[PDB]
Amino acid sequence: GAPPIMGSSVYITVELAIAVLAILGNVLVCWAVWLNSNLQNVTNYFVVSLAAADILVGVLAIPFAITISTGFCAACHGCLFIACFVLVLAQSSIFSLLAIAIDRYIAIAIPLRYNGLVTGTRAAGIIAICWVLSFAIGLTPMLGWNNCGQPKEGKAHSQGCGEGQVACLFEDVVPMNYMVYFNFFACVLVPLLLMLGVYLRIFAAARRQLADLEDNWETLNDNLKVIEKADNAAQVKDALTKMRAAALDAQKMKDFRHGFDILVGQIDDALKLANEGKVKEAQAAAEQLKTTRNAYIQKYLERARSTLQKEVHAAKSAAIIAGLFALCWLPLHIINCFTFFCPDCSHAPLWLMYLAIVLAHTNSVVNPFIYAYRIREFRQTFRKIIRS
Ligand SMILES: CC(C)CCC[C@@H](C)[C@H]1CC[C@H]2[C@H]3CC=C4C[C@@H](O)CC[C@]4(C)[C@@H]3CC[C@]12C
Ligand SMILES: CC(C)CCC[C@@H](C)[C@H]1CC[C@H]2[C@H]3CC=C4C[C@@H](O)CC[C@]4(C)[C@@H]3CC[C@]12C
Ligand SMILES: CC(C)CCC[C@@H](C)[C@H]1CC[C@H]2[C@H]3CC=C4C[C@@H](O)CC[C@]4(C)[C@@H]3CC[C@]12C
Ligand SMILES: CCCCCCCC/C=C\CCCCCCCC(=O)OC[C@H](O)CO
Ligand SMILES: Nc1nc(NCCc2ccc(O)cc2)nc2nc(-c3ccco3)nn12
Ligand SMILES: CCCCCCCC/C=C\CCCCCCCC(=O)O
């Protein structure tokens, strides 16, 4: 058996390295948003929220994990706080990730009402409640759901703890049914599945909105090819009725209104020419639609096409952040599941326990890199602060 202090030394060095990167990179996220006003949205108030959580992982959670791994003698309720504080920070990140997903869904499904419905004053309100809730979930073991009442007193005496003290070790004070049923299943896993669903609806609503754009546009010009080589007033009449409905449907800030104001006007009067039975001037009236089409309506579907793609790009960046949360945190939850559901199994070896803790702590480093690679406003603000 190698002295504990050398394996301890690798663990502690890596933990400290992670803390440094967690705080540095996430202090940059908070500085970017404070300085650049283009980055001050409700969306970014939640990203500043989870950057705060990531900062306090480095400043508090990682120092707590280093000390909890020594088994130091302590009063059991003080042990519980050292052991559970990181669950607060994890819960807070789950709420922040959930909020940005709902925000991005509101943005895409009802852009009309978005600015009305979502506002930075209520956002700050939601954020406070989410932190209060996060303390409640994460420190529930302190309200009595703990093993403090049945200490492992042989281990306390070996360490020579004083009276009332335990050897402070995570799996000794925190019950595993808390961790698996309450923490993992109810508070982590259910919210993640909800996120999954929100992101599915977002990409679905963006895909069918693009389809509706391209449908209205191919509806516009096939009708025109129909008027083109028609027979009589009655089918030009139909080919322009299908156009105008498609115009008003596609309509749902001043040069855009003109382009449709002309288009429907041009359709409208070709309609009355058709009704009065004049066929080929009703034709002739319907092909400088072709002109308004090239000068106006196709810049509309193009920049409309351009904006939905940005929103999908923004929603995929957010999805990556949530996926990496799940990746980095599930292994540890899965191990707890084995510990709890299979008492016939050998406990996961100590080196794997600490690999899993280290990997969950690593999640606090990755988000700043995801912003810098994926959102240009963040990337250029990072560059501007660094050079200066
Ligand atoms: C705002 C920030 C800077 C303050 C951080 C406060 C932390 C460091 C404080 C708050 C509560 C503290 C202790 C709570 C009670 C106990 C039990 C005792 O037997 C050992 C010390 C121990 C385990 C704690 C040590 C650290 C402690 C956790
Ligand atoms: C990418 C993420 C989500 C998947 C992670 C899968 C990891 C966490 C899985 C893969 C294999 C798993 C277990 C395989 C079997 C053993 C031996 C058993 O006595 C304790 C649990 C233990 C030690 C494993 C626990 C964790 C485990 C390592
Ligand atoms: C990954 C996301 C989508 C869902 C999480 C699935 C988890 C809850 C699933 C995946 C693998 C599962 C089990 C794998 C095999 C074993 C050994 C058995 O003796 C007790 C159940 C136990 C320990 C697992 C229980 C939980 C289990 C870990
Ligand atoms: C805002 C920035 C401020 C930064 C804040 C720094 C965070 C504190 C660091 C580590 C806390 C862990 C300290 C707990 C260690 C206690 C050890 C102990 O209690 O020794 C007792 C002995 O074993 C017999 O009682
Ligand atoms: N099971 C567990 N253990 C620890 N530390 C104890 C690692 C260990 C496990 C057994 C042992 O004999 C000595 C040390 N931290 C832990 N953190 C979590 C956790 C936090 C959030 C989700 O799971 N689980 N967890
Ligand atoms: C930005 C400020 C961050 C503050 C970090 C403080 C650094 C503390 C580093 C590790 C603390 C480990 C304490 C060891 C536990 C006591 C040992 C024992 O009781 O046996």
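For this deposited structure, the header cites X-ray crystallography as the method used and 2.650 Å as the resolution.

Taken together, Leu87, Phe170, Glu171, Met179, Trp329, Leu332, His333, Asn336, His347, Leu350, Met353 and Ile357 are the residues near ligand 5. Within the side chain of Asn336, an N or O atom sits 2.8 Å from a nitrogen atom of ligand 5. Its free accessible area being 540 Å², ligand 5 has 80% of it covered by the protein chains. Those elements that provide at least two residues to the shell around ligand 5 are α7 (170-173), α12 (289-341) and α13 (350-374). Broken down by element, the shell around ligand 5 gets its largest block of residues, four residues, from α12.

A word on the site of ligand 1. Every residue lining ligand 1 is accounted for by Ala74, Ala75, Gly78 and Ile82. One of the backbone N or O atoms of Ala75 is found 3.2 Å from an oxygen atom in ligand 1. Starting from 610 Å² of accessible surface for ligand 1 in isolation, the protein chains cover 36%. Counting residues per element, the ones that place at least two in the shell around ligand 1 are β1 (73-75) and α3 (76-109).

Further remarks concern the nonpolar core. Residues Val174, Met195, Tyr199 and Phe378 are the most contacted members of the largest nonpolar core, which totals 82 residues. Elements that contribute at least two residues to this core include exactly α1 (4-35), α2 (42-68), α3, α5 (120-138), α8 (176-228), α12, α13 and α14 (376-387). Of all the elements, α3 adds the most residues to this core, at 19 residues.

Before going further, it helps to spend a moment on α8. When the terminal C-alpha atoms of α8 are compared, their 75 Å separation across 53 residues agrees well with the 78 Å that a helix rising 1.5 Å per residue should span. The sharpest bend along α8 comes to roughly 45°, located at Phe184.

With that settled, consider the side chain of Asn363. In this structure, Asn363 sits in helix α13. Take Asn363: its relative accessible area is 5%, and that puts it in the buried class. From its side chain, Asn363 meets the backbone oxygen of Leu324 in a polar contact 3.5 Å long. Excluding residues within four positions of it along the chain, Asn363 makes contact with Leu324, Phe325, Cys328 and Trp329.

Conventions used here
- Residues numbered from 1 in each chain as written, not as in the entry; some residues may be left out.
- Chains lettered and ligands numbered in written order.
- Heavy atoms only, no water.
- Near = heavy atom within 4 Å.
- Polar contact = N/O pair within 3.5 Å; in protein donor to acceptor, adjacent residues only side chain to side chain.
- Areas by Shrake-Rupley, 256 points an atom, 1.4 Å probe, with all protein chains shown as cover.
- Helix = DSSP H or I, 4+ residues; strand = E, 2+ residues; numbered from the N terminus.
- Core = buried A, V, L, I, M, F, W, Y, C linked by side-chain atoms within 4.5 Å.
- Buried < 20%, exposed > 50% of the residue type's maximum accessible area, 1.4 Å probe, protein only.
- Expected span 1.5 Å × (residues − 1).
- Bend = angle between axes of the 7 residues up to and from the residue.
- Contact = heavy atoms within 4.5 Å.

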